Structure formats: C-alpha cells, structure tokens
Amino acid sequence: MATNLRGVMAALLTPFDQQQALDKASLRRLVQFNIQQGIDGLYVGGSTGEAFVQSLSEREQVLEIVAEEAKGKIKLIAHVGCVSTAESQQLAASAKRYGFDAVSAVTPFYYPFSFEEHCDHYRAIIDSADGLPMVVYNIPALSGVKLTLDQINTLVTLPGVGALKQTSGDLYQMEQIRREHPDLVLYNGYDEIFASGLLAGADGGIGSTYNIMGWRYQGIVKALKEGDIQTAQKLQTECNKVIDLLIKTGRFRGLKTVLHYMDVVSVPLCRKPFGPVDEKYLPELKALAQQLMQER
C-alpha cells in the first residue's frame, strides 16, 4: 500500500488563465476534485498536461504545486520526459525533491533514435530519479516510436523500472506482457478499452477522462473483480458515449470545458495552436457536466 503503484490514476490537465498562463487556483481545485472522487493517484506533466507546450520551469511549477496539494493523500507520478536527456534529468531531480512516488518518461521523439539510445536515455533518467521507480511510457501513436515485444521486455527489466504505461490498443501484446511479467505494474492507456484492457492483463490505468468520471473506471475494476460482467460492460459503454463526444470536441479542451461547468476550472482553454471548443458542442458538454454532477 505504501509503495504500490497499481491502480486508477488520472492524467492531470493543466488549467490556464485568460492570458494562457498557469491558473494556480484552478489547478489546486482540480487536484482536490480528483482526490474527492476517490482516484488512486495522479500522473502529472504528461501529454494530457500539455507539457510539450510548456517550458521546463512551467512544468516544475505544476509538479511542485501538485505535491503541496496531494503528497501523502494519493500516489503521485511525475512525467519528466523530454526529447533531451539532460532536460529530463533536471525534471527527475526536481520530482524527487518535491516528494513524488515515481517518475515517467515518454520515449524521446521527433528524431529517430536507436533502441540502445532509448535504453541509455531511461538509464540516465533513472539515475537522476535517485530511488523513484521509473514508469516506461509506450505511446507509439503520438511518439511515432514503434517498439517490438522483445524491446518492451528489455525496457521494463531495466534496473529501476517499476511500471509500464501501455497506451496501445493491441490487447494480444497486453496479454503477452502480463504473461512475461506477472508482477509488473501495467497501466491500460486507452480509456475507451479499459474493461477489455484489464481483462487482457492490465492491473490499472492512467487516462485523461478520469478527471471527470474516474469513479466509473473504479467501478469497472470492482465489477470485474466481483465477476459482474454486466455492470463492467455497462460502465465501459457509458464511458465510451462520453469519449465519442470528447473526440468530436477535442479531448483535452472538452474535458476542461466539462470541468469548467462543474465549477472546477475558471477558463477552459488549451494553449495555441490548440483552438477553442466549437460552440455547437456546448449544449452537450453542459448537459454532460450536469449529468455527471447528479451521478456523483
């Protein structure tokens, strides 16, 4: 329990004010809101936090504030990944300094790097994490990095690696990873297949939609544990109706908008080049916010 990273953890969004600067008050509210719905932990500074449109200092500012708000209460994983190894090392040291339970790093992107280079990248960050377990981050869709199973097996067996965030829809590979690593903490990365992902071998998950309905995902975990497939399927279906909408509106901004109507986020904008939500979607988003609030 004290060091168990297994569970349902929300990929935290980063609230900005009207001038696109960090909205500290809204960030703190989002953190407490997540804690309030019984989330197991928070994955901070990942893709969902718009880390790649933030500077290093801005990312450390978020990490620091989140730690003040939730250290001790729930598990905290800091995504310190950057294309640059040096930059990633700086964020890792900060994460440890702030008291995070673990660090994570997306496979470095844009430039083609050999597998050996990817491995040394992780080793160097692990060194700077000085004790904090590393969560390997496999998300080929956005990174463009396509690892094989043998390569994935090598990464998760590196000293200091304590988990794998599997943002892949291949549930055959999910089962193979579980079979090869019975004790590995394995996070399902695509919210829209959560139930199936757990059935294949994942033992938890990390996702952006957890910010507005994390309890549903917890419900699925419970349902599958008790053998209630009907309930598990029903919950996944409701999640997917929501995801269908968020894909039309834009996932991050759609979530920020729902959180805005829930009185958590002051201004629901993402950073440019991200545009605003198309006004034609507001009635559905408002209706969803109302529904979720009644449900919770």
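Just count from 1 along the sequence shown to find any residue number.
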{"item": "Entry-level comparison of average CA B-factors, 69 to 77 and 104 to 112, reporting the higher stretch", "value": "69 to 77"}
{"item": "Entry-level comparison of average CA B-factors, 221 to 229 and 127 to 135, reporting the higher stretch", "value": "221 to 229"}
{"item": "Top Cα B factor in the deposited entry, candidates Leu149, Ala93, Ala200, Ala86", "value": "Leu149"}
{"item": "Residue selected from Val242, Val44, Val258, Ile35 by maximal Cα B factor", "value": "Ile35"}
{"item": "Ranked C-alpha temperature factor of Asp183 among modelled chain residues, by third", "value": "highest"}
{"item": "Third of the chain, ranked by Cα B-factor, where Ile177 sits", "value": "lowest"}
{"item": "Third of the chain, ranked by Cα B-factor, where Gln166 sits", "value": "lowest"}
{"item": "Modelled-residue ranking by C-alpha temperature factor, third containing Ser266", "value": "highest"}
{"item": "Chain third (lowest, middle, highest) by recorded CA B-factor, residue given as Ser208", "value": "lowest"}
